[PDB]
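Structure assessment
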There are 2 protein chains.
Amino acid sequence: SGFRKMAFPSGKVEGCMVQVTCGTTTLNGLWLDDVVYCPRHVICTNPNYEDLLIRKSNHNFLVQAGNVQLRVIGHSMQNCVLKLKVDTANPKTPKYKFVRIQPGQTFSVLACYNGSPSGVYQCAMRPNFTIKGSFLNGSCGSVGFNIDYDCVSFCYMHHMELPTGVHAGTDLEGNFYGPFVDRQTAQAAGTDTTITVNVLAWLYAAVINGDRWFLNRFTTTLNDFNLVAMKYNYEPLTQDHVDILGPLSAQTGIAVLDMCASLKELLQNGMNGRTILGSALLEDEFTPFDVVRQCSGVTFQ
Amino acid sequence: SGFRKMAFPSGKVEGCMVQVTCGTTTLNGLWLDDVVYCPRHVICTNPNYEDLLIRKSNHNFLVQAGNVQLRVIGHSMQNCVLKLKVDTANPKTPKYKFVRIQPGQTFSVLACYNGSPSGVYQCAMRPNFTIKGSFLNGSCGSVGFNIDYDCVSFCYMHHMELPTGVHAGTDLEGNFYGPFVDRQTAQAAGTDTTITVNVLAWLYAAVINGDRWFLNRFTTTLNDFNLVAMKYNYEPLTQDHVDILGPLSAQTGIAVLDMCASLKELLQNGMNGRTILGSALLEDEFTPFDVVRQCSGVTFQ
Ligand SMILES: *CC(=O)N(CCC(N)=O)NC(=O)[C@H](CC1CCCCC1)NC(=O)[C@@H](NC(=O)OCc1ccccc1)[C@@H](C)OC(C)(C)C
Ligand SMILES: *CC(=O)N(CCC(N)=O)NC(=O)[C@H](CC1CCCCC1)NC(=O)[C@@H](NC(=O)OCc1ccccc1)[C@@H](C)OC(C)(C)C
């Protein structure tokens, strides 16, 4: 038992982080096979990156992998990422995919500085397409990922911090999550919302681990639930959400809609000085898949 | 900015986990050089382990490292851990030490099943020498660690879960943290307390990241602070604790004792529906070192 914000083991990704330097900018890159992926704003000097990149040669890119120089033999821009072809394939390349995740989906972040991993933590893509990360200067190029058996699905590369202290970035093909652009012009996160299906998953986690105090005898319709959720800035729950909570419903014996009735009363009454899974807030950064993986024992390799 | 419960990168440890099987018990072991460390209760059938172990031969121990059989060529018991000498040194052995940590100190846990890492999370050794882990059947042998530059300091190996859902285990030399013994006889955690110096560190984290609402104009003596802390089941703060909070004090300009005055008023008044670093509870599983590492950029390799 117990329930923790749990990241995937990070070794498969650690073996891919490298330092990319060019001009006076140094950031992190991701070395898979003979390609190094990094944020395009590594490019020298409202920038027009196509124009800035045609002025570069391969030898203006310094790629450090450990104590080993990698030689750049080709480059191209794909959306907001640079792809640097190097003359050596990464022998530690795991099996991998690039995936663009939906809001509400979680992933592990390996924070990196100068190509050296610093820590790993678990995150969610917020409904407003920011992530509440932990990032300092030089963390650009750090990636977020999930692991399925032996395969690393990369889903995030870090680019920028916004004025509110939250973070914005791209999928590994360089497309920003959300409306953000990689310029130093005023931008701000839209209004965020709480990820309802995830809160419900976490309440099921609480029950699996022995916490029941918040349950009730009431029930609710999907429509009536959504009416109360909107009022508390929760995302509407949809039937596919209900279907995804199916397995957790059947393992606990608590119908999804009955669990919606306790969330409703938790929203209306607060938590009255009690805690759930060591939290005094309703947690929304565990997906239904996260709960099942941690409460059943699924491994990866 | 941002502040997350952040584990060390786990790759150095992942390369050391193995499966140890003997009789009908399978658990995790830790392969460093030509020795595999695992919990001694892997031994077959109020057990007397010295008596049970003299009845075993090397070939009763099956050690799986990936798809590769390791051959046991010697064994011995050290406290509550078995040390199995194998005929092959682990080529992925990092630089490492074994360290017995104090209560209040944090570490990363790589949860493992059948020698396969499942997740990594951050923990603290509670004042009552349990850890609030996340562990299922078959996680025994999973280890906890810290990393300093390139060196893995192993500090925990997991053995058992107690009735309250918290966890007990040993240092890597087999000595239990706390009064626990590796028998299936009724045992229970002592009364825990909140780790005061860590709460103060986290409040400094909040200030470094821009949260100030909880500060106040008041101050307090060490003695007067401890009087209020005892009443709220907080550990007494000592002068060495004050000294350790020195650097965080000097970076923020908030004297330790003034930060004690805001903790005092936070304890006496509650948090009034506000949050600190996304928490509605006072967090105590970040050490002063954790805060500095995450809020300044210290890497490892
Ligand atoms: C490379 C890096 O480490 N990193 C992540 C920083 C972090 N703490 O997560 N990225 C950056 O520092 C960004 C570099 C620029 C380079 C030119 C192309 C765009 C990216 N910069 C930022 O992340 C800044 N954010 C920002 O400029 O947002 C747009 C904006 C501009 C002006 C007003 C409002 C919003 C950060 C570093 O700047 C602030 C002041 C927001 C912290
Ligand atoms: C091997 C393993 O995975 N693991 C960790 C379990 C977990 N969820 O963290 N360890 C064990 O399962 C322990 C194996 C025994 C083998 C004989 C030597 C001692 C260890 N068992 C436990 O952890 C049990 N705890 C326990 O027996 O505590 C002492 C006790 C006995 C009777 C009453 C109260 C206390 C767990 C699995 O049992 C309970 C019922 C506490 C969950």
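Residues numbered from 1 in each chain as written, not as in the entry; some residues may be left out. Chains lettered and ligands numbered in written order. Heavy atoms only, no water.

The record lists X-ray crystallography as the method behind this PDB entry and 1.85 Å as its resolution.

Taken together, the contact pairs 45 residues of chain A with 45 residues of chain B. Between chain A and chain B, a total of about 3,200 Å² is buried, with carbon and sulfur atoms accounting for 51% of that surface. Taken together, the connections running from chain A to chain B amount to 2 salt bridges. Here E285(B) makes a salt bridge to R4(A), at a shortest N to O gap of 2.8 Å. Where chain A meets chain B, there are 27 residue pairs in polar contact. (Contact = heavy atoms within 4.5 Å. Buried area = accessible area lost by both parts, 1.4 Å probe. Salt bridge = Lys/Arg side-chain N within 4 Å of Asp/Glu carboxyl O. Polar contact = N/O pair within 3.5 Å; in protein donor to acceptor, adjacent residues only side chain to side chain.)

Hydrogen bonding along the main chain pairs the strands of a sheet, whether they run parallel or antiparallel. Residues and elements named next belong to chain A. If you walk across this open sheet you meet the 7 strands as β5-β4-β1-β2-β3-β7-β6, and the pairing is antiparallel. Each edge of the open sheet is held by one strand with a lone partner, namely β5 (68-70) and β6 (72-78). Neighbour-to-neighbour, the strand axes of the sheet open up by a mean angle of 30°, direction not taken into account. (Pairing = 2+ DSSP bridges. Helix = DSSP H or I, 4+ residues; strand = E, 2+ residues; numbered from the N terminus. Axes fitted to C-alpha atoms, helices over the stretch in contact; angles between N-to-C directions.)

We now examine the nonpolar core. Counting residues in each nonpolar core, the largest one holds 42 residues, and the members touching the most others are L30(A), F154(A), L30(B) and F154(B). Apart from the residues within four sequence positions on either side, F154(B) is in contact with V13(B), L30(B), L32(B), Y96(B), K97(B), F98(B), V99(B), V143(B), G144(B), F145(B) and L172(B). Formed by 36 residues, the second largest nonpolar core is a distinct cluster that contains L248(B), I254(B), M271(B) and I276(B). (Core = buried A, V, L, I, M, F, W, Y, C linked by side-chain atoms within 4.5 Å. Buried < 20%, exposed > 50% of the residue type's maximum accessible area, 1.4 Å probe, protein only.)

Moving on, we get to the packing of helix α3 (residues 196-208) of chain A against helix α8 (residues 288-296) of chain A. Residue and element names in this part refer to chain A. Following both chains from N to C, one finds α3 and α8 inclined at 20°, their axes separated by 8 Å at the closest point. Between α3 and α8, the angle falls in the class roughly parallel. Like other packed secondary-structure pairs, α3 and α8 cross with a definite hand, here right-handed. Along its contact with α3, which presents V197, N198, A201, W202, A205 and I208, the element α8 presents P288, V291 and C295. (Parallel < 35°, antiparallel > 145°, perpendicular 65-115°, else oblique. Left-handed = near helix turned anticlockwise from the far one by under 90°.)

With that settled, the discussion passes to the site of ligand 1. Residues and elements named next belong to chain A. Around ligand 1, the structure places 21 residues, and the nearest of them are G138, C140, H158, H159 and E161. For ligand 1, an oxygen atom lies 2.8 Å from a polar atom in the backbone of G138. Between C140 and ligand 1, the recorded distance is 3.2 Å, taken from a backbone N or O atom to an oxygen atom. Burial of ligand 1 by the protein amounts to 72% of the accessible area it has alone, namely 850 Å². (Near = heavy atom within 4 Å. Areas by Shrake-Rupley, 256 points an atom, 1.4 Å probe, with all protein chains shown as cover.)

Right, let's talk about the site of ligand 2 for a bit. Residues and elements named next belong to chain B. Looking at ligand 2, there are 21 residues lining it, with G138, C140, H158, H159 and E161 nearest. The separation between an oxygen atom of ligand 2 and a polar main-chain atom of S139 is 3.1 Å. Starting from 850 Å² of accessible surface for ligand 2 in isolation, the protein chains cover 71%. The biggest single contributor to the shell around ligand 2 is strand β12 (residues 151-161), with 4 residues.

So, on to the environment of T193(A). Residues and elements named next belong to chain A. Inspection of the secondary structure assignment puts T193 in the loop between β13 (167-170) and α3. Judged by its relative accessible area of 22%, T193 falls in the partly exposed class. Spatially, the C-alpha atom of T193 lies 12 Å from that of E285, the residues being 92 residues apart in sequence. Contacts of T193, omitting those with residues within four sequence positions, involve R126, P127, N233, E235 and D284.

The next point concerns the pairing of strand β4 (residues 62-65) of chain A. Within a regular strand, the side chains alternate between the two sheet faces. Residue and element names in this part refer to chain A. Covered by surrounding structure in β4 are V63 and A65 only, the residues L62 and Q64 on the alternate face being uncovered. Relative to β4, strand β1 (residues 17-22) runs antiparallel, the two sharing 3 bridges. The residue of β4 that forms the bridge with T21 is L62. As consecutive antiparallel partners, β4 and β5 are separated by 2 residues, and within that stretch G66 has a phi angle of approximately 75°, a positive value.

Moving on, we get to helix α3 (residues 196-208) of chain B. Residues and elements named next belong to chain B. Spanning 13 residues, α3 covers 19 Å between terminal C-alpha atoms, matching the ideal 18 Å at 1.5 Å per step. Within α3, 12 of the 13 residues are buried, which leaves it mostly tucked inside the rest of the structure. Those residues of α3 not exposed but buried are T196, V197, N198, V199, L200, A201, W202, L203, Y204, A205, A206 and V207. The inward-facing, buried residues of α3 abut α4 (222-231), α5 (239-244), α6 (246-252), α7 (256-269) and α8 (288-296). A positive phi of about 110° marks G210, the residue just after α3. (Expected span 1.5 Å × (residues − 1).)

Residues and elements named next belong to chain B. Spatially, β5-β4-β1-β2-β3-β7-β6 is the arrangement adopted by the 7 strands of the open sheet, whose pairing is antiparallel. The outermost strands of the open sheet, each flanked by one partner alone, are β5 (68-70) and β6 (72-78). On average, each strand axis in the sheet is tilted by 30° relative to the strand beside it, whichever way the strands run. Summarising the sheet, strand β4 (residues 62-65) and β5 pair through 3 bridges and their orientation is antiparallel. Bridging across to β5, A65 finds its partner in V68.

Bringing the packing of aromatic side chains into the picture now. All names here are of chain A. Tallied over the entire structure, the rule returns 18 aromatic pairs over all chains. Ring centres of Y121 and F135 lie 6.2 Å apart, and the angle between their planes is 65°; this geometry places the pair in the edge-to-face category. Of this pair, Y121 sits in strand β10 (residues 116-124) while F135 sits in the loop between β10 and β11 (143-148), and the two are 14 residues apart along the sequence. No difference in accessibility class separates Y121 from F135, as the two residues are buried. Among the aromatic residues, those joined into a cluster by ring pairs are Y37, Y96, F98 and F154. Lying over the aromatic face of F61, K56 brings its terminal NZ or CZ to 5.1 Å of the ring centre. (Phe/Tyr/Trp six-rings, centres within 6.5 Å; stacked < 30°, edge-to-face > 60°. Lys NZ or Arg CZ within 6 Å of the ring centre and 35° of its normal.)

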